[PDB]
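Consider the single chain below, provided in structure tokens and representing the form deposited in one PDB entry.
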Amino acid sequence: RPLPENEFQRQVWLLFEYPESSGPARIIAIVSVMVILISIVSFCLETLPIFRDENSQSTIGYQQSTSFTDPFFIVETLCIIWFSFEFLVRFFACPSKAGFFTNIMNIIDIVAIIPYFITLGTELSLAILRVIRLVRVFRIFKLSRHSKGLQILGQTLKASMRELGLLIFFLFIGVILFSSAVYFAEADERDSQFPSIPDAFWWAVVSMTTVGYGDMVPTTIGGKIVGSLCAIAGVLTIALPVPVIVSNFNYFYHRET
């Protein structure tokens, strides 16, 4: 699986890939950062209740029409056009079409570009539109191309998959254990806040993480003892692999310097 070998990539790839190459490259990087931030702000702003009241045709969050009256649609279209231009230039300057599914920073652009085109295509089994609108948030991840800190975070997450899986596994074990314990310790009352073990999962996760919401809490003596143990075990279980993940992050962090 060799590279395309077009011999056409070099100039545009250097212009749009290395911000330090030239002054125009730095200008392009700054413009890209501002466009990403503008798209993020617009995405967060379309959800405000000021605009939701006057809105198949509603799950999209924007009105696609020839007139293009919605300012949010205008901003989203401009940002999507810029992202499309960037991706097309880089891909026509990207030799390794085979390694396209290996680089995360290009499938990130794919993810940031796909939702608009799916919504346009489907305008011309129902939760699909909501799922796409949710996936559209991953345009936040496109800032990783411009920030080395997010790249180090990505490398840390890649290197700490085993420790992250262990953290999730220990959380699952403790959540099941303490949810069962608190459900059975607070089962013989009508005022209990734990109708079921899956309903106690939420309380268990909230207590182990030591977040603490108060939406559901133990009321019995045994339930309170179980909650005490839940808090202690949550502290311990979280503290076990977090130092390993932190050491990975520090190694990848001071490696660049």
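Between two forms, the rigid core is defined as the largest C-alpha subset superposing within 1.5 Å. Heads up: residue numbers just count along the shown sequence, starting at 1.
Heads up, the form deposited in another entry isn't pictured, but that's what we're talking about next.
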Considering only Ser84, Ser180, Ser96, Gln151, which residue exhibits a C-alpha shift of no less than 2 Å between this form and the one not shown, with the rigid core used for superposition? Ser96
Taking the rigid core as reference, does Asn248 move its C-alpha 2 Å or further between this form and the one not shown? no
Given a core-based superposition, decide whether the C-alpha of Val131 shifts by 2 Å or more between this form and the one not shown. yes
Relative to the superposed rigid core, does the CA atom of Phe170 travel 2 Å or more between this form and the one not shown? no
Relative to the shown structure, Cα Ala25 and Cα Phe101 in the other form (3 Å or more change) are closer
Where do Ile118 and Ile81 end up in the other form, Cα atoms closer or farther than shown, with a change of 3 Å or more? farther
